[PDB]
Amino acid sequence: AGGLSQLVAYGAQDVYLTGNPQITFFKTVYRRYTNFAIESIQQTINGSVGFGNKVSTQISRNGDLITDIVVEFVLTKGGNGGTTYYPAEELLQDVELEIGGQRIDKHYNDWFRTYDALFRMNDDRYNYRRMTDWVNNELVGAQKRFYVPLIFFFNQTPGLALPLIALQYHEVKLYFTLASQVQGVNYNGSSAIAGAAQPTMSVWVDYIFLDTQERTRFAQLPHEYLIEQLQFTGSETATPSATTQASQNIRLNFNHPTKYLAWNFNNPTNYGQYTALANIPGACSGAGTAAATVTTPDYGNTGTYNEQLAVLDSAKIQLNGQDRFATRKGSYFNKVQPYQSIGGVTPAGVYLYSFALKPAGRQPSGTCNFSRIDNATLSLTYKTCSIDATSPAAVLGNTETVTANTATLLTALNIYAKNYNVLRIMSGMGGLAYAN
Amino acid sequence: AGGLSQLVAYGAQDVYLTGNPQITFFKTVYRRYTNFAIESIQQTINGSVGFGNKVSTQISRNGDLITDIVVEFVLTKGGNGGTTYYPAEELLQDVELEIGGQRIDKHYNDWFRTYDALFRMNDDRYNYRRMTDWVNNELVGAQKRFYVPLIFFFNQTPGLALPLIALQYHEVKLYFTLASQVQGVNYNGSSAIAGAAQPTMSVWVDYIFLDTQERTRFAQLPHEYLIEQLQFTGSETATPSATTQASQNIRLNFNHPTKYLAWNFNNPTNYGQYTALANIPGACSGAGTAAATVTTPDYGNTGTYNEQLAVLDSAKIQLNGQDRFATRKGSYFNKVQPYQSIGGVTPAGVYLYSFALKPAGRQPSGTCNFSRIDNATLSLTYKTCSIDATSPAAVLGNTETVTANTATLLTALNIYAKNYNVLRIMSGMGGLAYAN
Amino acid sequence: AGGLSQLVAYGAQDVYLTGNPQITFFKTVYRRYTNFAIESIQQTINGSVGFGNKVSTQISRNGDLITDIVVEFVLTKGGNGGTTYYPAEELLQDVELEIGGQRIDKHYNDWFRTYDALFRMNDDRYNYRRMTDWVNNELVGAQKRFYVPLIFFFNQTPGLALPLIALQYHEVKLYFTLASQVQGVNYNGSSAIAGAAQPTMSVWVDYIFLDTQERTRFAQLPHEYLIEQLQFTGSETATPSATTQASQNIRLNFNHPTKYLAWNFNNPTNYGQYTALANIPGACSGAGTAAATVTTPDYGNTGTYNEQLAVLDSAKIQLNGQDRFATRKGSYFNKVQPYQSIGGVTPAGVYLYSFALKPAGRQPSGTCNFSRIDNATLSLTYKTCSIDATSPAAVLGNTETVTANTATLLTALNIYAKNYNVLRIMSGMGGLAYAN
Ligand SMILES: *[C@@H]1O[C@H](CO)[C@@H](O[C@@H]2OC[C@@H](O)[C@H](O)[C@H]2O)[C@H](O[C@@H]2O[C@@H](C)[C@@H](O[C@@H]3OC[C@@H](O[C@H]4O[C@@H](C)[C@H](O)[C@@H](O)[C@H]4O[C@@H]4O[C@@H](C)[C@H](O)[C@@H](OC)[C@H]4OC)[C@H](O)[C@H]3O)[C@@H](O[C@H]3O[C@H](C)[C@@H](O)[C@H](O[C@H]4O[C@H](CO)[C@@H](O)[C@H](O)[C@@H]4O)[C@@H]3O)[C@@H]2O[C@H]2O[C@H](CO)[C@H](O)[C@H](O)[C@H]2O)[C@H]1O
Ligand SMILES: *[C@@H]1O[C@H](CO)[C@@H](O[C@@H]2OC[C@@H](O)[C@H](O)[C@H]2O)[C@H](O[C@@H]2O[C@@H](C)[C@@H](O[C@@H]3OC[C@@H](O[C@H]4O[C@@H](C)[C@H](O)[C@@H](O)[C@H]4O[C@@H]4O[C@@H](C)[C@H](O)[C@@H](OC)[C@H]4OC)[C@H](O)[C@H]3O)[C@@H](O[C@H]3O[C@H](C)[C@@H](O)[C@H](O[C@H]4O[C@H](CO)[C@@H](O)[C@H](O)[C@@H]4O)[C@@H]3O)[C@@H]2O[C@H]2O[C@H](CO)[C@H](O)[C@H](O)[C@H]2O)[C@H]1O
Ligand SMILES: *[C@@H]1O[C@H](CO)[C@@H](O[C@@H]2OC[C@@H](O)[C@H](O)[C@H]2O)[C@H](O[C@@H]2O[C@@H](C)[C@@H](O[C@@H]3OC[C@@H](O[C@H]4O[C@@H](C)[C@H](O)[C@@H](O)[C@H]4O[C@@H]4O[C@@H](C)[C@H](O)[C@@H](OC)[C@H]4OC)[C@H](O)[C@H]3O)[C@@H](O[C@H]3O[C@H](C)[C@@H](O)[C@H](O[C@H]4O[C@H](CO)[C@@H](O)[C@H](O)[C@@H]4O)[C@@H]3O)[C@@H]2O[C@H]2O[C@H](CO)[C@H](O)[C@H](O)[C@H]2O)[C@H]1O
Ligand SMILES: *[C@@H]1O[C@H](CO)[C@@H](O[C@@H]2OC[C@@H](O)[C@H](O)[C@H]2O)[C@H](O[C@@H]2O[C@@H](C)[C@@H](O[C@@H]3OC[C@@H](O[C@H]4O[C@@H](C)[C@H](O)[C@@H](O)[C@H]4O[C@@H]4O[C@@H](C)[C@H](O)[C@@H](OC)[C@H]4OC)[C@H](O)[C@H]3O)[C@@H](O[C@H]3O[C@H](C)[C@@H](O)[C@H](O[C@H]4O[C@H](CO)[C@@H](O)[C@H](O)[C@@H]4O)[C@@H]3O)[C@@H]2O[C@H]2O[C@H](CO)[C@H](O)[C@H](O)[C@H]2O)[C@H]1O
Ligand SMILES: *[C@@H]1O[C@H](CO)[C@@H](O[C@@H]2OC[C@@H](O)[C@H](O)[C@H]2O)[C@H](O[C@@H]2O[C@@H](C)[C@@H](O[C@@H]3OC[C@@H](O)[C@H](O)[C@H]3O)[C@@H](O[C@H]3O[C@H](C)[C@@H](O)[C@H](O[C@H]4O[C@H](CO)[C@@H](O)[C@H](O)[C@@H]4O)[C@@H]3O)[C@@H]2O[C@H]2O[C@H](CO)[C@H](O)[C@H](O)[C@H]2O)[C@H]1O
Ligand SMILES: *[C@@H]1O[C@H](CO)[C@@H](O[C@@H]2OC[C@@H](O)[C@H](O)[C@H]2O)[C@H](O[C@@H]2O[C@@H](C)[C@@H](O[C@@H]3OC[C@@H](O)[C@H](O)[C@H]3O)[C@@H](O[C@H]3O[C@H](C)[C@@H](O)[C@H](O[C@H]4O[C@H](CO)[C@@H](O)[C@H](O)[C@@H]4O)[C@@H]3O)[C@@H]2O[C@H]2O[C@H](CO)[C@H](O)[C@H](O)[C@H]2O)[C@H]1O
Ligand SMILES: *[C@@H]1O[C@H](CO)[C@@H](O[C@@H]2OC[C@@H](O)[C@H](O)[C@H]2O)[C@H](O[C@@H]2O[C@@H](C)[C@@H](O[C@@H]3OC[C@@H](O)[C@H](O)[C@H]3O)[C@@H](O[C@H]3O[C@H](C)[C@@H](O)[C@H](O[C@H]4O[C@H](CO)[C@@H](O)[C@H](O)[C@@H]4O)[C@@H]3O)[C@@H]2O[C@H]2O[C@H](CO)[C@H](O)[C@H](O)[C@H]2O)[C@H]1O
Ligand SMILES: *[C@@H]1O[C@H](CO)[C@@H](O)[C@H](O[C@@H]2O[C@@H](C)[C@@H](O)[C@@H](O)[C@@H]2O)[C@H]1O
Ligand SMILES: *[C@@H]1O[C@H](CO)[C@@H](O)[C@H](O[C@@H]2O[C@@H](C)[C@@H](O)[C@@H](O)[C@@H]2O)[C@H]1O
Ligand SMILES: [Hg+2]
Ligand SMILES: [Hg+2]
Ligand SMILES: [Hg+2]
Ligand SMILES: [Hg+2]
Ligand SMILES: [Hg+2]
Ligand SMILES: [Hg+2]
């Protein structure tokens, strides 16, 4: 009886499962690895740290490899609860990775927002906001230390750790541009906050110290790294109409085998506003009260999952004038494409089309070579922004192809593409195999 | 100092960890794969799309393999906030997969509910409800597009992608039965909603386009696929008593090496009602107010994690009249079995017993061959449904082996079993190795 | 067009991705494994089950291997909503694993709390609280069955399943110490709850039944298992000042290759209180009301993510009087270290420093050999606990290096280290390779 009686229940169908076993689940043999040690070491920042200033850092050569890099910010609130939306993230307006004077990759604050909306999830995503925002209803004057993790290729997996020991004659530098205006810190809307403190900045790089055997191999041998890059093109959204469905074709200027496309429609006035402001809880300042105004967002709750507030009705991609796939609704690129390939949840206003089975995985799993495509076009059709944004009854009770009239503020269209490339390192110098 | 001083701290105990390294964490070699492309292509639906109608689709032969399949529904609300509970999921009452006239698998809406409660989790599970329900407090008349992803074997992993190119002489068809009554869409309780719109349906299949090398291999070579199937038997729950603990033995008519058993006790009147209605927040219409009534649920919040509202007190399985394991409480099959083998959270009223170490994984990891068992029995003991469901003090303050008196409405008992089988494909035809 | 036109877009850059394929994503070959069966079997408990009592269990030899072990508790509430905080977890004050009279590992209730805060996440972590607490606003007299899963080496992965069949001459025993006072069960603060029921205890061990081939191998062959252990040292926190920043150096008495360090500052009066009590929602009894008192916590909401309520300002580790790394703020060890190596979220007051790339993984990925270090020191600097804890305006609006004046109650400092060891099993006896 019990367990033993099930073992005896053996038949011909078990041959496909347990006939002549190859593995066992009850005796794992663990792999032995190369000895190493990790140390997070502070870097020197060249230039004056302040709003709207450009600063740079040349990575010191303390260890053999480098992996994670974190930027530390200390900021002080200028408003009360819900008046900030990822201020530390917005503050890092853009960050450039350079090896031997050659640009390897460059990221932007809006990419950090889009990456977080697509590829982070669950408690990890909430911990990320803890690192970049006030999430405890803090008031005016609250001061907090923030941690912005970089997400370049060697930051995302130790298997791509950048070998400083093999880059003897090439310096590795990071160029930072700090934002000038950050909501809830030094600016409230367009009015500056008097007495707002300048930010203080610190840069920390995690180093790997290798044993003698592997150290000598890294220094003497040539290396090839399959790395990822970011491509970004900022376009102007066609003005959506309250009487007709506007359309638009954007020529895609991308290169290299590309894993996926990701785009959003954002209002440049408000960081992360990817959807239309409306008079429903969390969609505008003072929503559901006598002070409701759809001109100003509920900053702490700028994001939403309500597809009704998204502006894109349908979209498709064309290759040399032919449909790459049949037109799908905007919700397909927001819900189904992340469901099929990511497995998290993406707020409305952020869209994905994946060429890869696993776009979040480092291992390649399907790409499109945009370097071999003469014409690539993103065809867009917008909803009819005819809903009264001040009426919750109208916003919460409407049809698929209409949206709030405040969608006309979503004037900026940001399209991102994540591609692969090869970083060859030999004779103390690094270089990308393909420029375009 | 720092990192380097830890490397020198080397001893005899490090031999088991780093002595003669086999792997390194800092130089990942990625695998090269076969070139391919994905395209989601719309299918033709034969038959009239409407409530209570049967429609079918014969998969067109555009590509070499097929993977994901999504059913698109457009629906209009008939009620306000919290008056729908997975309407798009319920609408797809059952879906049958057929290859060459032979049934390969068949799923049901209640299986989608049970699968979601057991194997989906976190943001992925919330994104799934976004695809199948209104989650933004929408009002009467709100119209939304829904996406119901199929979960047959080739839908769940690209490694089991169905090769249409190798099924030249066998058609692959899907048979859909649409529900007749869906709460919050065309029916409110048992009263039809006047002017309710018929649903519109669309079926999309993702195709894989293979390169010439692999294309020829798939078309000429014989193939064997280790696939999964669903077995379902619907039984009548024994009437639980308010004065004694009712018991019941259900003979299990299952076959094949089975990964796990999953069952629920549901009230057929309400979709997904797996627990007793009670006068506590979220457990009945107007709970905690003067309009509270335990005859009608809070539809938007039909599920619960409160074990007190579950009807099963204890259960065990018997093999040929002998205990397969000692009796455990119903909470064990709801909490511990998912904890030990799934790692998510399952609402009360859904129970699991796993024969596998990893029942959610496609790779087999332990099964029981129900084809070699003459008698398999699920022995059940029910709680004494003697709690006053209208009293929150009684519901929120009671003992282990009692439940709310409204548990007598949980009359339907659905038992599911997930088994393995072999799909052999050769000479343009597919066929299952084992029928029973 | 469509998918097929992308396949033709092939170039020289695709050689690194798809040139001469090694793998395919569309034909997974699953591994065949050794046949087995699982059975959860109840154990005998020696000694009287009660608050403050020590009981033990000698594992019966029903099967070949053992894996998961769960302790079942039945408890009755003595208070209303939010008056319990993981009572089943606290009740299991400490549990010792012993093989042949030799201690293999020993865990504590505070380790369960710290482990849950660091390595559990998402729905799994919420399901764990369902197994160890009331989470449905239950009132006085509610009785619930709880499940405390053990987390020794063979409990966490079946690949380390303890082979009873190979331990013929060594008994495997578990020694439990039950807590004497549990908030919300038999004690309210320091006042006992009259008529509180003694707990009832049950111990269940999951057995693996092996087939003849593998059974004989396990019984005759020598075995080596790479297992993990817990090291714990309890220290007294230096009294933090409201006028200066107190500091403290703790000599670390640890051994073996250690994966990570984890520590907290807790108030022994309240289970899991890792942060200072304050007059903000969820931080003290009756917070935000006329009955607010920072002397008593909101038990149901004892944890927090608000770094302001944490007492540690900065910390670093020293090796033989030299900095192992540069000083970082306490939030770094609470936010960044879990972000970089765990990927969840950790409440404030729990700190991590990892020597491993993946400290939650069983496969070793970097350790420090504390057996080869003569002096290891944790250097601590505390915040100035000068904030008026009774003032929400002061707590929610302050600077980085200050905390609430109630932080002086965080007098206990618990430091944990997770190390590796080798369990050798031969001739029917088990033994650890290294004692220190
Ligand atoms: C994003 O989503 C989150 C999750 O829903 C929101 O948080 C929730 O808000 C609703 C709460 O019920 C829930 O508990 C909370 O989780 C978030 O809302 C915004 O941020 C929260 C923290 C609130 O801000 C706090 O609001 C209270 C203010 O305190 C003042 O309140 C006055 C009524 C008192 O007279 C005055 O003395 C202040 O309070 C005292 O100090 C506070 C800190 C103590 O807690 C309190 O003790 C109890 C007093 O000390 C003794 C805080 O300064 C502020 O940080 C939201 O504010 C809304 O909800 C409050 C419950 C309500 O009181 C607020 O009304 C006040 O402010 C509005 C203007 O905002 C005035 O018109 C009104 O007269 C009153 O003064 C307000 O309804 C925040 O939301 C608001 O501001 C946002 C800014 O982006 C946005 O504009 C939003 O639409 C607004 O609703 C969401 O951002
Ligand atoms: C499942 O769990 C969710 C999470 O807890 C619940 O959502 C929460 O509900 C409590 C809120 O505090 C919280 O913000 C919310 O997240 C969910 O509850 C159900 O769905 C929500 C969205 C509510 O429904 C909305 O309720 C308000 C209705 O609006 C009318 O309200 C009247 C008071 C006004 O006079 C009238 O003008 C309407 O409002 C106007 O229109 C709305 C859309 C605008 O927002 C409002 O502007 C502020 C007005 O415009 C100017 C909406 O139609 C409806 O969709 C829950 O309703 C409960 O909570 C409300 C806060 C409260 O107002 C409700 O009372 C009204 O309805 C009840 C009957 O339902 C009447 O008896 C009462 O007189 C009043 O008219 C109500 O207490 C929903 O819950 C209810 O219905 C459920 C149906 O399955 C179920 O029966 C449940 O027990 C009910 O409580 C949960 O389902
Ligand atoms: C941790 O975080 C959780 C998430 O925020 C909290 O839960 C939330 O609490 C706020 C709610 O709005 C929200 O819905 C809920 O999710 C949690 O709070 C604690 O636990 C919850 C469940 C509440 O406890 C319940 O509170 C109501 C009590 O019922 C009595 O209420 C009286 C007003 C009635 O007169 C009396 O008849 C009782 O109610 C009747 O019985 C209940 C069960 C029925 O539901 C009710 O029907 C509607 C009546 O039956 C007809 C329950 O016994 C108790 O379990 C929190 O309590 C706060 O919030 C309540 C909404 C409010 O009513 C409470 O006030 C009562 O108690 C306080 C003292 O606690 C008295 O001073 C006051 O006069 C009144 O009697 C109270 O404000 C719980 O929080 C409190 O207790 C904690 C103990 O650790 C802690 O001390 C905390 O600070 C307190 O606020 C959080 O723990
Ligand atoms: C947690 O956070 C909450 C906010 O999120 C805090 O509440 C805020 O407090 C400020 C308010 O403006 C705001 O509305 C409120 O949200 C909370 O603080 C404590 O709780 C509140 C409710 C206050 O308690 C009340 O204090 C007044 C007492 O009444 C006496 O007042 C005298 C002036 C009269 O002379 C005397 O007769 C009393 O009044 C009478 O009796 C009361 C019950 C009747 O309602 C009233 O009717 C008109 C009178 O009837 C004859 C109340 O009993 C008590 O409940 C906070 O108290 C502070 O703020 C008050 C506005 C202020 O008046 C208080 O000063 C009085 O008490 C102090 C000692 O506390 C005396 O030294 C002084 O002479 C005066 O008597 C006081 O500044 C509470 O905060 C105090 O106590 C806390 C611990 O309980 C804590 O120690 C804090 O630092 C103290 O400030 C937070 O706990
Ligand atoms: C989508 O957005 C548009 C633009 O914002 C919005 O239309 C605006 O609605 C407000 C109105 O003042 C503006 O003129 C209009 O542009 C639309 O709302 C819905 O469609 C419009 C055309 C109205 O429908 C018409 O109602 C009157 C009725 O005689 C006529 O047959 C019908 O077509 C909206 O109805 C609302 O506004 C009317 C002015 C008002 O009279 C209505 O009250 C009647 O009906 C309600 C129930 O709907 C009864 O409770 C009441 O006693 C009375 O009979 C009503 O307030 C309509 O919105 C309303 O219906 C939709 C679904 O069709 C949703 O449920 C809304 O929540 C609900 O307000 C948006 O859908
Ligand atoms: C489980 O479900 C059952 C069935 O619904 C429920 O019993 C129902 O309770 C309501 C009552 O009207 C029905 O007859 C009964 O079927 C049960 O509740 C609990 O058990 C019953 C037997 C009552 O206990 C008895 O209370 C009276 C007392 O003299 C006697 O010694 C005791 O056994 C429930 O107590 C409630 O209902 C009584 C009618 C009422 O008099 C009680 O008030 C007294 O006690 C309360 C505190 O419990 C005092 O605040 C008050 O001043 C007075 O002294 C009380 O309302 C009992 O429920 C109560 O206790 C349980 C735990 O035992 C829970 O905390 C409840 O939340 C609480 O209401 C359910 O447990
Ligand atoms: C951190 O904790 C400390 C200790 O708890 C706390 O200081 C306590 O604050 C309360 C006060 O009674 C105690 O003496 C003090 O120990 C600190 O709060 C902040 O710093 C102190 C020094 C005060 O600043 C001073 O305010 C008066 C002003 O003339 C002077 O220039 C300024 O330095 C706190 O201000 C509060 O308490 C004062 C007694 C009161 O007069 C203030 O009201 C004035 O300012 C407020 C806005 O700040 C106006 O709305 C009001 O009309 C009036 O002009 C005020 O209540 C100061 O806290 C206040 O400011 C900080 C940021 O500096 C936060 O926003 C607080 O939320 C806010 O209350 C804690 O930061
Ligand atoms: C969106 O459509 C709404 C309904 O017509 C308008 O109310 C709104 O106009 C804005 O707000 C109103 C109140 C007026 O002040 C307008 O001048 C303003 O542009 C539209 O944005
Ligand atoms: C923390 O600092 C607060 C502000 O000074 C004090 O109120 C608090 O003192 C406690 O509470 C007050 C109300 C008094 O009762 C004190 O005796 C008590 O110690 C400090 O803990
Ligand atoms: Hg393309
Ligand atoms: Hg418009
Ligand atoms: Hg079986
Ligand atoms: Hg009953
Ligand atoms: Hg060390
Ligand atoms: Hg202090």
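Chain A is the first sequence line, chain B the second, and so forth, proteins listed ahead of strands; every chain is numbered from 1. Keep in mind that the numbers below use all heavy atoms, side chains included, and drop hydrogens, waters and symmetry copies.
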Please state whether the side chain, the backbone, both or neither of [X] comes within less than 4.5 Å of a heavy atom of chain A.
X      : result
C:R362 : both
C:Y207 : neither
C:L17  : side chain

Partner chain A: residue of C:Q6, C:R31, C:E39 with the largest heavy-atom pair count (under 4.5 Å):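 Option with the greatest count: C:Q6.
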Leading residue by heavy atom contact count with chain A [cutoff under 4.5 Å; candidates C:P392, C:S331, C:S354, C:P281]: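 Most heavy-atom pairs within the cutoff with chain A belong to C:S331.
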Part of [X] lying under 4.5 Å from any heavy atom of chain C:
X      : value
A:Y16  : backbone
A:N421 : neither
A:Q143 : both
A:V140 : backbone
A:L319 : side chain
A:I41  : neither
A:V8   : neither
A:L226 : side chain
A:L7   : both
A:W204 : side chain
A:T24  : both
A:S5   : neither
A:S202 : neither
A:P158 : side chain

Let's test your reading of the structure: which of [options] forms the most heavy-atom pairs below 4.5 Å with chain C?
options                        : result
A:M121, A:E72, A:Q42, A:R125   : A:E72
A:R324, A:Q322, A:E138, A:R372 : A:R324
A:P364, A:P257, A:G141         : A:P257
A:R120, A:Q318, A:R32          : A:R120
A:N127, A:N80, A:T67           : A:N127

Heavy-atom check, side chain of C:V345 versus side chain of C:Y339, under 4.5 Å: no
Non-hydrogen side-chain atoms of C:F355 and C:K259 separated by less than 4.5 Å: no
Pair C:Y332, C:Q337: side-chain N/O donor-acceptor within cut-off below 3.5 Å: yes
Pair C:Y10, C:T18: side-chain N/O donor-acceptor within cut-off below 3.5 Å: yes
Test of ring centre spacing under 6.0 Å for C:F36 and A:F26: yes
Pair C:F218 + C:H223: ring centers closer than 6.0 Å: yes
Evaluation steps, side-chain contact (heavy atoms from CB on, under 4.5 Å), between A:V422 and A:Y225: CA-CA 5 Å; A:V422 177; A:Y225 290 88; over 6 Å; no
Residues C:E224, A:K27: salt bridge by 4.0 Å N-O rule: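 Salt bridge: no.
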